[PDB]
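Undergrad: show me how the following folds:
(4 chains, ligands or ions: 3)
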Amino acid sequence: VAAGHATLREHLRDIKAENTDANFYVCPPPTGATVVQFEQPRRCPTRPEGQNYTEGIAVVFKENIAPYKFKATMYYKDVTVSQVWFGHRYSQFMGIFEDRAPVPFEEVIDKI
Amino acid sequence: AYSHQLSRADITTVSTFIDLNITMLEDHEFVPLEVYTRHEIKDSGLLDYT
Amino acid sequence: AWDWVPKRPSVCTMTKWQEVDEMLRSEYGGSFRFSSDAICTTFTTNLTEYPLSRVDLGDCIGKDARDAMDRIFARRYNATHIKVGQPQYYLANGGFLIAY
Amino acid sequence: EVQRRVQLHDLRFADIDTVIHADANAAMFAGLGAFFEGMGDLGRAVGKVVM
Ligand SMILES: *[C@@H]1O[C@H](CO)[C@@H](O[C@@H]2O[C@H](CO)[C@@H](O)[C@H](O)[C@H]2NC(C)=O)[C@H](O)[C@H]1NC(C)=O
Ligand SMILES: *[C@@H]1O[C@H](CO)[C@@H](O[C@@H]2O[C@H](CO)[C@@H](O)[C@H](O)[C@H]2NC(C)=O)[C@H](O)[C@H]1NC(C)=O
Ligand SMILES: *[C@@H]1O[C@H](CO)[C@@H](O[C@@H]2O[C@H](CO)[C@@H](O)[C@H](O)[C@H]2NC(C)=O)[C@H](O)[C@H]1NC(C)=O
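TA: Numbering: from 1, shown residues only, chains lettered A, B, ... in the order given. Ligands and ions are numbered 1, 2, ... in the order given. Below is the structure:
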């Protein structure tokens, strides 16, 4: 009878309707603060050449650089200047000047 | 401009096909000021297929 | 336009998709997780076995499963392993029925 | 070679783009701006009008 087939469609349809959701990722562009390199292909013998061959277990150790990660805050003022005294319709042709300057300590402590 | 020359041992080689205990940062771009004024193009490394 | 025809006769609800010689079952987080080298997908399921007997009244899936398992067992495991008990049926996430 | 040619094409576009947008009027205004700026405030008073 079809009742068995019908309930089986129902169970399969139900199970595939379940939420199996995953997160999105905002990937910020790397600045080059951390860099890695890869292994390279290497030429090897066409015929065996080594002597005293032996099997064995090995444990490889690397130099411990012990990275210390911490939080740092940076403060700066971006300045921009243009020839406004000629009028907005013309200042555009005379270019623009820009500079990035550090915030003096007294401003970081007494104002920020 | 040319700066200096590193030995191949100066950079951390990533293990063959799977690696762990690797340290990283949440890189923050800090774009140059000229990208807003002069609207010069920001370096984006070598081109991916995408 | 198309030529009309009477509705086709009914067919079995499920088709044999894969025959897997090596499939490891493991219990974790209150769920079974099946994995193999032949299929890169991992199948997740509840610990309860599905009551297929009261659904596959025509024994369609039953016959296909029992025959395939015996063929594989005779071909590759006959002289190296023993079968523990009767086959088990599990409804895995994604809508698959795994006979184990 | 594909990525080498792609980087050559966006360079050709930048040159064509510059040729279209490098207005001779803007070049003249830039020259006049520098001339009046060098004359100080006496230059600003006139510059604002002649512009
Ligand atoms: C860094 O290396 C250590 C081993 O030196 C890893 O430590 C294991 O971590 C798991 C998950 O917490 C534990 O179940 C194990 O008991 C740990 N092993 C030991 C010997 O303590 C650690 O996972 C690595 N960290 C990263 C981020 O890769
Ligand atoms: C599967 O394994 C069994 C042994 O576990 C094999 O049994 C033999 O069957 C023949 C025919 O009935 C008998 O003459 C032998 O005496 C049995 N041997 C043993 C050790 O009991 C069986 O042949 C195997 N099947 C296949 C298809 O290889
Ligand atoms: C595994 O078992 C759980 C119950 O422990 C089932 O979850 C229920 O599923 C139905 C049908 O989609 C829902 O209406 C209920 O709200 C669920 N209950 C809870 C407590 O979440 C689940 O369907 C089973 N999954 C499989 C693949 O067999």
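Undergrad: what residues are up against the closest residue to residue A:94 other than its chain neighbours?
TA: Excluding its sequence neighbours, the residue lying closest to residue A:94 (Cβ to Cβ, 6 or more residues apart in numbering or on different chains) is residue D:33, at 3.8 Å. Every residue, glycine included, has its C-beta placed from N, CA and C. Residues in contact with residue D:33 (Cβ atoms under 8 Å, 6 or more residues apart in numbering or on different chains) are A:83, A:86, A:90, A:93, A:94, D:47.
Undergrad: check contacts around the closest residue to ligand 3 within chain C.
TA: Nearest residue of chain C to ligand 3: residue C:46, at 3.8 Å (Cβ to the nearest ligand atom). Going by Cβ under 8 Å, 6+ apart, residue C:46 touches C:30, C:31, C:32, C:90, C:91.
Undergrad: quick check: beta-bridge partners of the second one?
TA: Beta bridges link residue C:31 to residue C:28, residue C:46 when assigned by DSSP bridges.
Undergrad: what's the burial count for it?
TA: Residues within reach of residue C:31, counting by other Cβ atoms under 10 Å in any protein chain shown, total 12.
Undergrad: so it touches residue C:48, yeah?
TA: No - counting by Cβ atoms under 8 Å, residue C:31 sits too far from residue C:48 to count as a contact (10.5 Å).
Undergrad: can you classify residue 98 by secondary structure?
TA: Just so you know, I chose chain A. strand (DSSP: H, G, I helix; E, B strand; the rest coil).
Undergrad: was after chain C, sorry
TA: strand.
Undergrad: and for the residue of chain C found nearest chain D, the neighbour number?
TA: For chain C and chain D, the shortest gap (Cβ to the nearest Cβ) falls at residue C:40, measuring 31.1 Å. Using other Cβ under 10 Å, residue C:40 has 7 neighbouring residues.
Undergrad: how near is it to chain A?
TA: 17 Å (Cβ to the nearest Cβ, to the nearest Å).
Undergrad: just residue B:47 next, same as before
TA: With Cβ to the nearest Cβ as the criterion, residue B:47 and chain A are 14 Å apart.
Undergrad: quick one, what contacts the residue of chain B positioned farthest from its centre?
TA: Largest separation from the mean C-alpha position in chain B: residue B:37, at 24.1 Å (Cα atoms, centre = their mean). Residue B:37 sits next to A:80, A:96, A:98 when contact means Cβ under 8 Å, 6+ apart.
Undergrad: residue A:98 is in contact with the first one, correct?
TA: Yes - using Cβ under 8 Å, residue A:80 is in contact with residue A:98, at 4.8 Å.
Undergrad: which one of those two is surrounded by more residues?
TA: When residue A:80 and residue A:98 are compared for neighbours, residue A:98 comes out ahead with 15 against 12, by other Cβ under 10 Å.
Undergrad: isn't the more buried one right up against residue B:34?
TA: Yes - assessed by Cβ under 8 Å, residue A:98 is found in contact with residue B:34 at 6.9 Å.
Undergrad: from chain B, how far off is the most far-flung residue of chain A relative to its centre?
TA: Residue farthest from the centre of chain A, counting by Cα atoms, centre = their mean, is residue A:1 at 58.4 Å. Separation of residue A:1 from chain B (Cβ to the nearest Cβ): 53 Å.
Undergrad: now swap in residue C:87 and tell me
TA: Distance, residue C:87 to chain B, by Cβ to the nearest Cβ: 36 Å.
Undergrad: that residue - nearest residue in space that isn't next to it in sequence?
TA: In this structure, residue C:87 finds its nearest non-sequential neighbour in residue C:99, 5.5 Å apart by Cβ to Cβ, 6+ apart.
Undergrad: what sits against the one you found?
TA: Here residue C:99 is in contact with C:61, C:65, C:69, C:87, C:88, C:89 (Cβ under 8 Å, 6+ apart).
Undergrad: please, a PyMOL command that selects the buried ones among those?
TA: Here is the PyMOL command that selects only those of the contacts of residue C:99 that count as buried (16 or more other Cβ atoms under 10 Å in any protein chain shown):
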select buried, chain C and resi 61+65+69+89
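Undergrad: among the contacts of residue C:99, which are in reach of ligand 3?
TA: By Cβ under 6 Å from any ligand atom, no member of the contacts of residue C:99 lies near ligand 3.
Undergrad: which positions in chain A make contact with ligand 3?
TA: A:14, A:15.
Undergrad: next one: chain C
TA: Applying Cβ under 6 Å from any ligand atom, we find that chain C lies next to ligand 3 at C:45, C:46, C:91, C:93.
Undergrad: please consider this matter closed, and thank you.
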